[PDB]
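What follows is a short report on a single structure.
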Amino acid sequence: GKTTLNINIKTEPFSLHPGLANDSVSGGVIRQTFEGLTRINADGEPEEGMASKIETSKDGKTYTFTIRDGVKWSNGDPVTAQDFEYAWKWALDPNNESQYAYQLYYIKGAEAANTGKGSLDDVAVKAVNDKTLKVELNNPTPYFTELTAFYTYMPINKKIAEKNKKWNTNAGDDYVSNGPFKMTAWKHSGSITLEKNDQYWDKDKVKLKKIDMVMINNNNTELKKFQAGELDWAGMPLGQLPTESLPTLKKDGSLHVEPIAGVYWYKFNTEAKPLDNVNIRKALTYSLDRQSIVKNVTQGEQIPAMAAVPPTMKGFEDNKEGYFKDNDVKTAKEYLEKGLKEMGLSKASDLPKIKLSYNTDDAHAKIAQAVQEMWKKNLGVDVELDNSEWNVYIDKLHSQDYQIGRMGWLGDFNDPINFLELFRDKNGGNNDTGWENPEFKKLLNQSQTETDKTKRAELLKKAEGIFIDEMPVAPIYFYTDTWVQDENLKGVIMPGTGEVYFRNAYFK
Amino acid sequence: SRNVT
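This is how it looks when you write it as structure tokens:
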């Protein structure tokens with residue numbers, strides 16, 4: 081069985097600093113090259129990683145991590161509690177402009193430090209000694225060992241980071257990592273090579289020696305390379321199949337199709353006219369024919385989304401039907417008319433220019449062209465399209481330099497709030513819409529203190545209801561992962577949240 | 010996380 085794995089990651093990562101990464105491309109790499117206090121096992125549950133033992137206080141708020149004996153970076157240096165402390169505080173430092181700082185707000189003092197209302201010293205992550213990390217949360221958080229497996233909670237080599245502020249931007253002596261693989265090459269916009277890391281504590285269970293990740297943003301070509309034997313995988317999570325090929329691949333029985341905790345949505349910049357008008361947002365959302373899109377455009381067995389939280393998330397199964405009606409043109413026309421009245425306008429032709437944006441990808445263009453048609457036919461609303469390379473695109477949305485913007489969101493841990501708290505705060509890193517609601521916030525925060533699971537769930541549903549009512553985003557569909565593979569590739573870890581770990585993968 | 014696909 082061969083020991084090299086050839087896959088497409090489509091495009092240049094946003095960042096291979098674990099504290100700046102906020103995307104599937106970045107995460108696809110880092111998830112191979114770093115390891116947190118915990119990692120995800122085959123059954124999608126957290127288990128011990130860099131921490132050999134985890135202790136939680138009686139009150140549930142204080143976690144004490146014992147750092148495994150002998151764990152090392154890829155240059156041989158020990159991994160220490162200090163490395164974690166530094167990483168986490170680095171991500172929270174507002175100067176470093178992590179879009180995922182809010183992911184660390186579960187730690188006491190984290191939000192204050194990040195917002196400028198408090199000292200980084202008072203963030204309650206503490207390297208007590210080299211082998212002991214002590215963490216105090218604002219509230220008992222039963223998924224915290226999921227968060228510590230998430231890439232924002234990765235350690236970085238403190239010594240090298242302090243020496244070279246740009247360590248993360250190139251492969252080389254200054255790029256070191258603690259995961260089952262290490263990155264031995266990175267040609268920007270070309271590819272990345274990972275190799276088994278001989279310093280990783282659990283290296284005896286790692287079978288691959290090399291992973292070549294190419295950067296082909298062309299779905300057709302990915303499948304050709306796969307059909308030629310030059311890739312061992314074609315499609316998601318890291319690549320993509322061309323939509324016209326899914327008929328065939330379903331018919332020959334090769335295609336894998338899996339529902340995942342993820343949502344495809346069109347984000348509105350609620351601070352840019354005319355998307356600042358809630359009525360216009362609703363008219364654009366309600367006038368969508370999502371069943372058409374998932375049957376006729378994407379053809380990947382996606383489920384129409386009329387909600388934020390995927391119905392895989394237990395307690396939220398009835399988001400299958402969602403908060404409103406799909407292809408509800410009557411209601412959309414009502415909203416349009418109301419919003420038109422508020423502007424002193426009679427006809428939708430006289431709205432200001434609207435540009436709908438997405439990241440370069442034939443699949444996203446096909447969806448955008450369908451939606452553009454829906455708006456023209458159903459509302460009389462003209463929109464012009466544009467596309468950008470992924471990493472630039474992420475900054476375009478984060479900086480609100482857009483009106484409507486395609487985005488997709490996969491769960492970072494198995495809790496419904498991951499689909500909600502990204503909109504808690506106006507300048508949240510992953511919000512992008514400029515929206516916030518006081519009641520929405522209050523309920524989110526109340527959910528984090530509620531000890532009964534069903535009552536908590538109701539708070540989140542309430543919150544979701546307010547969200548959908550103000551429509552800062554337009555839900556389109558809940559995700560699937562579709563791919564074909566060399567069926568000799570065994571042991572790949574793919575949890576319901578739609579990521580992939582190659583740590584224990586092999587060819588038989 | 011933001012999904013490219």
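Going down the list, the protein sequences come from chains P and S.
Residue numbering for the first sequence follows my numbering, starting at 81 and increasing by one per position.
Residue numbering for the second sequence follows my numbering, starting at 10 and increasing by one per position.
Yeah, the Cβ is synthetic: ideal placement off N, Cα and C, and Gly gets one too.
Open item on the list: Would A388/P and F547/P qualify as a contact pair, given that the criterion is a beta-carbon distance under 7 Å?
Closed with: Within the first sequence, numbered from 1, the residue matching residue 388/P stands at position 308. Within the first sequence, numbered from 1, the residue matching residue 547/P stands at position 467. Closer than 7 Å, so yes.
TODO: Would you tell me roughly how many angstroms separate the C-alpha atoms of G270/P and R583/P, rounded to the nearest one?
DONE: Translated into the one-based positions of the first sequence, residue 270/P becomes position 190. Translated into the one-based positions of the first sequence, residue 583/P becomes position 503. Approximately 23 Å between the Cα atoms of the pair.
- [ ] For the region 457-473 of chain P and the region 425-437 of chain P, state whether three or more C-beta atom pairs, one from each stretch, are separated by less than 8 Å.
- [x] yes
TODO: Select from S106/P, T513/P and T118/P the residue whose C-alpha is nearest the C-alpha of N88/P.
DONE: What you label residue 88/P is simply residue 8 of the first sequence in a count that begins at 1. That would be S106/P, whose Cα lies nearest to the Cα of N88/P.
Open item on the list: Rounded to whole angstroms, what is the Cα-Cα separation between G342/P and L523/P?
Closed with: The residue labelled residue 342/P in the question sits at position 262 within the first sequence. The residue labelled residue 523/P in the question sits at position 443 within the first sequence. Roughly 22 Å between the two C-alpha positions.
- [ ] Closer than 8 Å by beta-carbon distance: list the chain S residues that pair up with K305/P, in chain order.
- [x] Here the question's residue 305/P lines up with position 225 in the first sequence. Here the premise fails: no neighbours, minimum Cβ distance about 17 Å.
Task: CB contact flag (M487/P, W266/P, <7 Å) - done: The count along the first sequence starts at 1 and reaches residue 487/P at position 407. The count along the first sequence starts at 1 and reaches residue 266/P at position 186. Result no, Cβ atoms of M487/P and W266/P do not sit closer than 7 Å.
Open item on the list: If we define contact as Cβ-Cβ less than 7 Å, is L490/P a contact residue for chain S?
Closed with: Sequence index remark: in the first sequence, residue 490/P carries index 410 (1-based). Chain S contact via Cβ: present.
Task: Continuous alpha helix (DSSP H) assignments of at least 4 residues falling wholly in the region 132-193 of chain P - done: 161-172
- [ ] Tell me, please, whether the region 108-118 of chain P touches the region 126-140 of chain P by the rule of three or more beta-carbon pairs shorter than 8 Å.
- [x] yes
TODO: Say whether chain S places a C-beta atom closer than 7 Å to the C-beta of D103/P.
DONE: For this step, residue 103/P is matched to residue 23 along the first sequence. Closer than 7 Å to some Cβ of chain S, the Cβ of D103/P qualifies, so yes.
- [ ] Starting from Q320/P, find everything on chain S with Cβ-Cβ shorter than 7 Å and list it in chain order.
- [x] Here the question's residue 320/P lines up with position 240 in the first sequence. Per Cβ cutoff of 7 Å: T14.
Task: the region 524-541 of chain P touching the region 310-325 of chain P, judged by at least three CB pairs closer than 8 Å - done: no
Task: Paired residues, beta bridge with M487/P - DSSP - done: Translated into the one-based positions of the first sequence, residue 487/P becomes position 407. Looking at the DSSP assignment, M487/P forms a beta bridge with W345/P.
Open item on the list: Helix, strand or coil, according to DSSP, for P555/P in the structure here?
Closed with: By 1-based counting over the first sequence, the position of residue 555/P is 475. It is a strand residue.
- [ ] List the residues of chain S whose Cβ lies closer than 9 Å to the Cβ of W168/P, in chain order.
- [x] As a working note, residue 168/P is residue 88 in the first sequence. In chain order: nothing, as chain S lies at least about 18 Å away.
Task: Alpha-carbon to alpha-carbon, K435/P and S178/P - done: Reading the first sequence from its first residue, position 98 is the one you call residue 178/P. Reading the first sequence from its first residue, position 355 is the one you call residue 435/P. Cα to Cα, the separation comes out at about 27 Å.
TODO: Identify each residue in the region 432-444 of chain P for which the Cβ-Cβ distance to at least one residue of chain S is less than 9 Å, and report them in chain order.
DONE: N439, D441, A443 and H444
Task: Inter-residue Cα distance where the pair is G380/P and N359/P - done: Taking the first sequence and counting its residues from 1, one reaches residue 380/P at position 300. Taking the first sequence and counting its residues from 1, one reaches residue 359/P at position 279. Each residue's alpha carbon lies about 31 Å from the other.
Open item on the list: Check whether the region 177-194 of chain P and the region 217-227 of chain P touch, using three or more Cβ-Cβ pairs below 8 Å as the test.
Closed with: Inter-segment contact for the region 177-194 of chain P and the region 217-227 of chain P is present: three or more beta-carbon pairs are separated by less than 8 Å.
Task: Member of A167/P, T195/P and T144/P whose CA lies at the smallest distance from the CA of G508/P - done: Indexing the first sequence from 1 puts residue 508/P at position 428. Minimum Cα distance to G508/P is reached at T195/P.
Open item on the list: Using a 10 Å radius around the Cβ and a threshold of 16 neighbouring Cβ atoms, would you call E501/P buried or exposed?
Closed with: Working through the first sequence from its first residue, we reach residue 501/P at position 421. Buried.
Task: Proximity of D369/P and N86/P at Cβ, strictly below 7 Å - done: Counting from one through the first sequence, the residue named residue 369/P turns up at place 289. Counting from one through the first sequence, the residue named residue 86/P turns up at place 6. Their beta carbons are not under 7 Å apart, which means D369/P does not touch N86/P by this criterion.
Task: Residues that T91/P contacts on chain S, provided the C-beta gap is smaller than 7 Å - done: Translated into positions along the first sequence, residue 91/P becomes position 11. Under the 7 Å cutoff, chain S gives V13.
TODO: Return the chain-ordered ranges of every beta strand (DSSP E) run that is complete within the region 273-357 of chain P and spans a minimum of 3 residues.
DONE: 290-294, 313-315 and 336-348
TODO: Output yes if chain S places a C-beta closer than 7 Å to the C-beta of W470/P; else output no.
DONE: For the purposes of this step, residue 470/P is identified with residue 390 of the first sequence, where counting begins at 1. Cβ-Cβ to chain S under 7 Å: yes for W470/P.
TODO: Check whether the Cβ of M316/P lies closer than 7 Å to any Cβ atom in chain S.
DONE: The count along the first sequence starts at 1 and reaches residue 316/P at position 236. Judged by the 7 Å Cβ criterion, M316/P is in contact with chain S.
Open item on the list: Could you tell me the alpha carbon to alpha carbon distance between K152/P and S137/P, rounded to whole angstroms?
Closed with: Along the first sequence, read from residue 1 onward, the residue named residue 152/P stands at position 72. Along the first sequence, read from residue 1 onward, the residue named residue 137/P stands at position 57. For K152/P and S137/P, the distance between alpha carbons rounds to 28 Å.
Task: Length of the line joining the Cα atoms of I484/P and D512/P - done: Start at 1 with the first residue of the first sequence, and residue 484/P comes out as number 404. Start at 1 with the first residue of the first sequence, and residue 512/P comes out as number 432. Those two C-alpha atoms are separated by around 11 Å.
- [ ] Give the DSSP-derived three-state secondary structure of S367/P in the structure shown.
- [x] As a position in the first sequence, residue 367/P is number 287, starting the count at 1. Coil at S367/P, not helix or strand.
Task: Cross-chain neighbours of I484/P in chain S, by beta carbon under 9 Å - done: Stepping through the first sequence from its first residue, residue 484/P is reached at position 404. Under the 9 Å cutoff, chain S gives no residues; its nearest Cβ is about 16 Å from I484/P.
- [ ] Give the interface partners of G508/P over in chain S, defined as CB-CB distance under 9 Å, in chain order.
- [x] For the purposes of this step, residue 508/P is taken as the residue at position 428 of the first sequence. Correct list: empty, because the minimum Cβ distance to chain S is about 13 Å.
Task: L85/P (DSSP reduced to helix, strand or coil) - done: The count along the first sequence starts at 1 and reaches residue 85/P at position 5. Residue state, collapsed to three classes: strand.
Task: CA-to-CA distance, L274/P to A171/P, given in whole angstroms - done: Stepping through the first sequence from its first residue, residue 171/P is reached at position 91. Stepping through the first sequence from its first residue, residue 274/P is reached at position 194. Approximately 25 Å between the Cα atoms of the pair.
TODO: Quick one: give me the first and last residue of the beta strand (DSSP E) that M263/P is part of.
DONE: Here the question's residue 263/P lines up with position 183 in the first sequence. Segment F261 to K267, the beta strand (DSSP E) holding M263/P.
Open item on the list: According to DSSP, is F520/P part of a helix, a strand, or is it coil?
Closed with: In the first sequence, the residue the question calls residue 520/P occupies position 440. Looking at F520/P - three-state DSSP - the assignment turns out to be helix.
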